[PDB]
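Participant: The data below comprise the sequence and an experimental structure of the protein.
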Amino acid sequence: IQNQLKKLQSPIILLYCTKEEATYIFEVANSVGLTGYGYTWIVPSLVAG
Amino acid sequence: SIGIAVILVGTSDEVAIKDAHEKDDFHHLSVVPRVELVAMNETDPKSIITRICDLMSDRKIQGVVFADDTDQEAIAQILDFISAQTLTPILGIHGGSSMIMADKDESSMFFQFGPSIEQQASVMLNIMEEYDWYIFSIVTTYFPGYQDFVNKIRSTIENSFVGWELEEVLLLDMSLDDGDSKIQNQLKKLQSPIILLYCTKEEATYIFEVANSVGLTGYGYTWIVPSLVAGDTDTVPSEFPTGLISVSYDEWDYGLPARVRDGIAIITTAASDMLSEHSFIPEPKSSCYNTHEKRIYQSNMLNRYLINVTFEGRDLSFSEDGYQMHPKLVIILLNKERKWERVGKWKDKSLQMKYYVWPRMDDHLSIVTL
Amino acid sequence: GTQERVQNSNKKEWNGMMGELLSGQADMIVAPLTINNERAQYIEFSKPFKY
Amino acid sequence: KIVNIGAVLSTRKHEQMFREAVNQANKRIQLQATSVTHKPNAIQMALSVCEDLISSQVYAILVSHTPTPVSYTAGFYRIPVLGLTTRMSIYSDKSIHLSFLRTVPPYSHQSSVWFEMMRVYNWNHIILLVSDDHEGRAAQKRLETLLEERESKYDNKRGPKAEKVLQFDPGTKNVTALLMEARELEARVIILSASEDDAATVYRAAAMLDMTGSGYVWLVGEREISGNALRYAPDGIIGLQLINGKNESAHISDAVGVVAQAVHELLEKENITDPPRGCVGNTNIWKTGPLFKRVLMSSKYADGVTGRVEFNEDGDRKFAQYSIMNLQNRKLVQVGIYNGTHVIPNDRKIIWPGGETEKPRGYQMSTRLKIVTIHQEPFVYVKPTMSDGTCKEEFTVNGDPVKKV
């Protein structure tokens, strides 16, 4: 997952998952530096519980 | 006349004991030489100093040459010391006793084989030229000797007509455990193609680890790092990625008898040149008993030429602070199969590589014109 | 005044009155001196007094 | 268990004081003490320390007055070494010594008071006269380390800057040229960081070129208001003083509590190994050297005369307390006390330089500028002069005069 996650270099990002997956992925994104400012995120309701 | 000693501690090298008699050339410069040799098992400091201080007196020896194999961190310092308390020239040439002390007592004469950090920066720049990378960063810990690194880079970046660039020059802090996530924070910013780094081997493990965390280890990130990060050239840790480049200076260059050749050439060339114009032959000096510095005048006069000497065409001229001026360096290159590969050598302020193009770990083509 | 390599090396030095300013040899260039980017990185230009 | 600690001092008195002082906090794992005398001819010196302390089970060594070999040898084996007397700035090299943890902060630190004075008296221009062996190189480095700060993203204010950094030579006979090229600049703030002779032959040189009149300012360092720094001192000088002083038995007691506050952190039983007796080839060493040191330099409250004795990010004494000193032509007299973030001047007469009781600005903006031009016919004509020395008069078309220089 980290590997496939490294590639991205976009300004804005969309995401589709479930809330646990979101926890996991925002975690690993914090690992590979994909959580700060420079990365706006949009995500449907099914992630916000 | 002046005596000349050698000391081979710890490392059985009983092929070279037949090689110290490579000195059948001294007659061409003709200051009466006196060569005494000795080896030793692996030992402790007291054994070093005690086996040392008598050798001058017992056979009228003025000058020694060192070589061993151990942790190059501290064994040099005892030599640096003993240099000071008699005014005797000690030319440390091998692993262990040859590690670059940054600065030392000014009243001491003691010299080493190895490039200072500025020359390593210049070599890094010559390379970046040769393969035309032009946009590089610098990552640094607080380890000593880093100001010299960044200043010697920024200096030659400003004079040259070449279109050099630069980017963020980070100064991290590896002091407290709390700063570890802070280290990650300061590490996030970088976005450069090429990267340079200055640290020690443990710091390198740590940093390549956290770089793997924040995605700063793969392809897209070439790395260059001086020798002081590559330890012994075979105990590669698990974090050092492929293709990691580094200057170095090793035995694959030449043999222990080769370095001992140069070292039993310098101290029988220069202590003949000092007796080419003047007529004041240094006397066989005193014991390791009391600080007798009467003849301190010629000790300075001994530095008057031990900096500048050429032999067999090659030049072994020195700098002032105790490392040779024109240092024969090479480059190594970590393989995919975890091995350091000799992939090019630098000399004469010039490069002689092996590859016309840089390998890599596709979107890179080779196209033809007429 | 302009930059030029010297010593058969890459050291960049200036010439003439601009070099005489940067070397502190002078203090102010009251003379017909143009305005460009390459000098603006070592010197302070007043507003222009003749277009 | 049994734990030994040794020291190489010059007074047999403190030798008993050290054992008494560890025996005091001993009551608050048996922690014993050892000591050894001092001798000249430093060659023989390292032929004492090993056989006298490594023979024991040392976990530190204490040293006092001389930069002898006791820095190198016990540094081999990586056994932390504790410093009392000397504070030349050379011992901060992590790479050169992995031995010293010290008590008297080093000269190069005293350039943090200075950067404070330049905000309690609002001087924003300086002239710097460093030395040229090592200390200056360090002092200047640490000073430039501060002046580079204050980078404005307080709220669009003016900040200090260096102006000129003259670097004379440690052995000098005639040095006036540097002074001659100093007065040409604008400011009148001088910072002289050097050694005894290296200030005697500057004090005796700046009053004879009249660089110590009014509007002048001098900040010096403790070695520059010392001894032979009074045979020619500039009346109206400013020097510094730390409230620890050069007292041997002042804080040996303070040092004891530092290892004391650490043996109970070392009794963590993670992995402990004795320091090996004998000096004959326990080649590789690990006494938890890195670990035991990492313990020591992490907030050990020294049971001592100064409060909150910490250890800086490098290993030297942190958060000292200075006392601003001053001279009135004969008598070096306190005018203040410096305490970490506390800049505290006292109440007494600051006879500033020249004996003028003003607070002179560090600034003297020049007048006689110099201008440079080139022959250019529409703009700058160039014509020879008249023979007398002036050049010819002239009227324009309307007959008005024309201004020549």
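Facilitator: Thanks, I have the structure now. Residues are numbered from 1 along each chain as shown, chains lettered A, B, ... in the order given.

Participant: Tell me the residue of chain A that sits nearest chain D?
Facilitator: Closest contact between chain A and chain D, by CB to the nearest CB, is at residue A:37 (17.2 Å). Any C-beta I mention is one placed from the backbone N, CA and C, and that applies to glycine too.

Participant: Surely residue D:195 is in contact with residue D:134?
Facilitator: No: Residue D:195 is not in contact with residue D:134 according to CB atoms under 8 Å; the separation is 11.3 Å.

Participant: In terms of neighbours, single out the busier of the two.
Facilitator: Between residue D:195 and residue D:134, counted using other CB atoms under 10 Å in any protein chain shown, residue D:195 has the larger neighbour count: 19 against 16.

Participant: contacting residues around the more buried one?
Facilitator: Shown in contact with residue D:195 (CB atoms under 8 Å, 6 or more residues apart in numbering or on different chains): D:131, D:135, D:170, D:223.

Participant: if you set the cut-off to 6 Å instead, what comes out?
Facilitator: Taking CB atoms under 6 Å, 6 or more residues apart in numbering or on different chains as the criterion, residue D:195 is in contact with residue D:223.

Participant: How about residue D:301?
Facilitator: No contacts exist for residue D:301 under CB under 6 Å, 6+ apart.

Participant: Relative to residue D:25, how far out is it?
Facilitator: 11 Å (CB to CB, to the nearest Å).

Participant: With residue D:165 instead?
Facilitator: Separation of residue D:165 from residue D:25 (CB to CB): 47 Å.

Participant: Kindly report the same for residue C:3.
Facilitator: 68 Å.

Participant: Would you mark the buried spots in the biggest helix by length in chain C?
Facilitator: Determined from DSSP state H, the single longest helix within chain C is helix C:16-22. Residues of helix C:16-22 classed as buried: C:17, C:18, C:20, C:21 (neighbour count, 16 or more other CB atoms under 10 Å in any protein chain shown).

Participant: What of stretch D:152-171?
Facilitator: Of all the residues in stretch D:152-171, those buried under the rule 16+ other CB under 10 Å are D:160, D:168.

Participant: all helices for chain C, in order.
Facilitator: Going by DSSP H, chain C shows helices at C:16-22, C:37-40.

Participant: Need those helices in a markdown table (columns: distance to chain D).
Facilitator: Shown next, in a markdown table, are the helices of chain C (distance: least, CB to the nearest CB, whole Å):
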| stretch | distance to chain D |
| --- | --- |
| helix C:16-22 | 5 |
| helix C:37-40 | 15 |
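
Participant: Residue D:361: which of those is closest?
Facilitator: Across the helices of chain C, residue D:361 has its closest neighbour in helix C:16-22 (27.2 Å, CB to CB).

Participant: Only C-alpha atoms, please: export that closest one in PDB.
Facilitator: Extracted C-alpha coordinates of helix C:16-22, given in PDB (Å, rounded to 0.1, in the frame of the first residue of the first chain):
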ATOM      1  CA  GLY C  16      35.900  49.800 -13.900                       C
ATOM      2  CA  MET C  17      33.600  52.000 -11.900                       C
ATOM      3  CA  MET C  18      31.200  49.200 -10.800                       C
ATOM      4  CA  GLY C  19      34.100  47.200  -9.400                       C
ATOM      5  CA  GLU C  20      35.400  50.400  -7.800                       C
ATOM      6  CA  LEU C  21      32.200  50.700  -6.000                       C
ATOM      7  CA  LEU C  22      31.800  47.100  -4.800                       C
END
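
Participant: By proximity to chain B, which residue of chain C wins?
Facilitator: Counting by CB to the nearest CB, chain C gets nearest chain B through residue C:10, at 4.3 Å.

Participant: My guess is that residue contacts residue B:162. True?
Facilitator: No: with contact defined as CB atoms under 6 Å, residue C:10 does not count as touching residue B:162 (7.8 Å).

Participant: what about residue 1, how many neighbours?
Facilitator: I'll assume chain A. Burial of residue A:1 is recorded as 10 neighbouring residues (other CB under 10 Å).

Participant: Hmm, no, I was thinking of chain C.
Facilitator: Neighbour count for residue C:1, taken as other CB under 10 Å: 16.

Participant: before we move on, what about residue D:221?
Facilitator: The tally of other residues near residue D:221 (other CB under 10 Å) stands at 24.

Participant: which one of the buried residues of helix C:16-22 sits closest to chain A?
Facilitator: Chain A lies nearest to residue C:18 out of the buried residues of helix C:16-22, by CB to the nearest CB, at 41.9 Å.

Participant: residue contacts, that closest one?
Facilitator: Residue C:18 makes contacts with residue C:1, as judged by CB under 6 Å, 6+ apart.

Participant: Quick check: beta-bridge partners of the residue of the stretch 1-150 of chain D found nearest chain C?
Facilitator: Nearest residue of the stretch 1-150 of chain D to chain C (CB to the nearest CB) works out as residue D:127 at 14.8 Å. Per DSSP bridges, the residues bridged to residue D:127 are residue D:190.

Participant: What about it, how many residues nearby?
Facilitator: Neighbours of residue D:127 under the rule other CB under 10 Å: 22.

Participant: who touches it in this structure?
Facilitator: Contacts of residue D:127 (CB under 6 Å, 6+ apart): D:163, D:164, D:182, D:187, D:190.

Participant: Am I right that residue C:15 is in contact with residue C:6?
Facilitator: No: assessed by CB under 6 Å, residue C:15 is found out of contact with residue C:6, at 10.3 Å.

Participant: about what we covered before: so which of the contacts of residue D:127 belong to strands?
Facilitator: Assignment to strands by DSSP state E places the following of the contacts of residue D:127 there: residue D:190.

Participant: Taking chain C, what residue is nearest to chain A?
Facilitator: Counting by CB to the nearest CB, chain C gets nearest chain A through residue C:41, at 30.1 Å.

Participant: okay, now that residue: neighbour count?
Facilitator: The burial count for residue C:41: 6, using other CB under 10 Å.

Participant: give me the beta-bridge partners of residue D:401?
Facilitator: Judged by DSSP bridges, the bridge partners of residue D:401 are residue D:395.

Participant: Can you show me the strands along the stretch 301-405 of chain D?
Facilitator: Per DSSP state E, counting those that start in this stretch, the stretch 301-405 of chain D carries strands over the ranges D:310-311, D:317-318, D:321-322, D:325-327, D:332-334, D:336-339, D:342-345, D:371-372.

Participant: For those strands, give me CSV that also has mean neighbour count and distance to residue D:405.
Facilitator: What follows is the strands of the stretch 301-405 of chain D, written out as CSV (neighbours: other CB atoms under 10 Å in any protein chain shown; distance: least, CB to CB, whole Å):
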stretch, mean neighbour count, distance to residue D:405
strand D:310-311, 16, 65
strand D:317-318, 20, 61
strand D:321-322, 20, 55
strand D:325-327, 22, 48
strand D:332-334, 14, 53
strand D:336-339, 19, 52
strand D:342-345, 14, 51
strand D:371-372, 14, 10
